[PDB]
Amino acid sequence: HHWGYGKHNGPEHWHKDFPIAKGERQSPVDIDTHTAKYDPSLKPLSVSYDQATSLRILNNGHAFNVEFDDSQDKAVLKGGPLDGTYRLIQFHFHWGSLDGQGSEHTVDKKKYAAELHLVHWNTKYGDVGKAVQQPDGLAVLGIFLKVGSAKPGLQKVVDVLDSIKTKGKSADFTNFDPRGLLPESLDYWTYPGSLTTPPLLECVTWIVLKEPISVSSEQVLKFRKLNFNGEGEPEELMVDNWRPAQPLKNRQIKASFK
Ligand SMILES: NS(=O)(=O)c1ccc(C(=O)NCc2ccccc2)cc1
Ligand SMILES: [Hg+2]
Ligand SMILES: [Zn+2]
């Protein structure tokens, strides 16, 4: 019935209900490093997450989201290719069933184990609902994850997963600091795109960090034990919740470094 990542309702079927899937600025895309244009007029990114307020973690089928209180300018994103202030509303991951796949964006065709999306909306629009009606409504910060050493800042997330194993389940998740998930460098690529899951609205400025973070094998293993299904229903492991790379069409990927 509803969309999913299975053979019968996966990405290749999304176009039947969501015509925009075959639009002009769809995401994710493949980042060809030898073609990205170094743009010196790009300002440095300004991430202010010191006053962030996490509230809850939930399994909504598809993936698990950590939600923040965005009633005020608490955790914001400015600078880079952005014009205005963007508020953090939530973060989630996309991962695979094996370590060699899981990320949505690819670099020179290279797939990573997973990808973290920190979702923000443009404050000049009032609420997120109005923001998704504008070409510059959202800004998503994407971070790649590779299997290596453990990431301390991620463990608090890994520990609570058991309590939200099935669809619709949530758990209180306060006092989490998203700063613990950032790589050392803030160098990035950027291009105009869209949400990667239905309704696939093209209202996103994508900012993809060049430097990936490392997460241990055991940390990623716990992501893989979640369920797409709700309590009582037959078990379907939540793995490979990622959309394949889409054609770039008439867009240019700019780089803040060289
Ligand atoms: N993977 S990703 O960062 O691109 C992404 C970010 C946000 C959303 C979202 O808010 N969805 C709900 C929703 C419901 C109705 C209209 C718009 C969005 C979905 C995907
Ligand atoms: Hg829009
Ligand atoms: Zn996402």
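Order of listing sets the numbers, starting from 1, for every ligand and every atom in it. Starting from 1, each residue takes its place in the sequence as its number. Values below: every heavy atom of this structure, side chains too, minus hydrogens, waters and symmetry copies.
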Is atom 6 (C) of ligand 1 in close reach of the protein, with a heavy atom under 4.0 Å away? yes
Fit a plane to each ring of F91 and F93, take the angle between them on a 0 to 90° scale, and name the class: parallel (under 30°), tilted (30 to 60°) or perpendicular (over 60°). perpendicular
In the single-linkage hydrophobic clustering (I, L, V, M, F, W, Y; side-chain heavy atoms under 4.5 Å), do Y86 and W189 co-cluster? no
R87 pairs by salt bridge (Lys or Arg N to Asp or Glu O under 4.0 Å) with which of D69, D127, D73? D73
Considering only the protein, which heavy-atom contact is closest to atom 8 (C) of ligand 1, and what is its distance? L195 CD2, 4.0 Å
For the Zn ion (ligand 3), which N, O or S atom of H117 is at the shortest distance? ND1
Of the options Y5, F223, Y112, which is the one that meets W95 in a ring-ring contact (aromatic ring centres under 6.0 Å, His included)? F223
Is any side-chain N of the basic residue among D39 and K37 closer than 4.0 Å to the acidic one's carboxylate O? no
Under 4.0 Å to a heavy atom of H94 - the qualifying atoms of ligand 1, by number: 1 (N)
Under 4.0 Å from atom 3 (O) of ligand 1, can you find at least one protein heavy atom? yes
Passing candidate, side chain to side chain contact (heavy atoms under 4.5 Å, CB included) with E67, options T53, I89, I57, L58: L58
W206-ligand 1 polar pair, N/O distance under 3.5 Å: no
Do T196 and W206 pass the side chain to side chain contact (heavy atoms under 4.5 Å, CB included) test, and can you show the C-alpha distance, the side-chain angles, and the key distance before you say yes or no? CA-CA 11 Å; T196 66; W206 275 98; 3.9 Å; yes
Option whose closest heavy atom lies nearest to atom 16 (C) of ligand 1, chosen from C203, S27, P199, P198: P199
Distance below 4.0 Å between atom 12 (C) of ligand 1 and any protein heavy atom? no
Any carboxylate oxygen within less than 4.0 angstrom of a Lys/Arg side-chain nitrogen, looking at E236 and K167? no
Out of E211, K258, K210, which one pairs with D187 under the side chain to side chain contact (heavy atoms under 4.5 Å, CB included) rule? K210
Return a yes/no value for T196: is any of its N or O atoms, backbone included, closer than 3.5 angstrom to an N or O of ligand 1? yes
Nitrogen or oxygen of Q90 less than 3.5 angstrom from that of ligand 1: no
Under 3.5 Å between any N/O of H92 and any N/O of ligand 1: does that happen in this structure? yes
For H117, the ligand 1 atoms with a heavy-atom partner under 4.0 Å come out as 1 (N), 2 (S), 3 (O)
NE2 (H92) to the Zn ion (ligand 3) to NE2 (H94), nearest 10°, is 110°
Could you pull out, from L201, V132, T197, the option with a heavy atom nearest to atom 20 (C) of ligand 1? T197
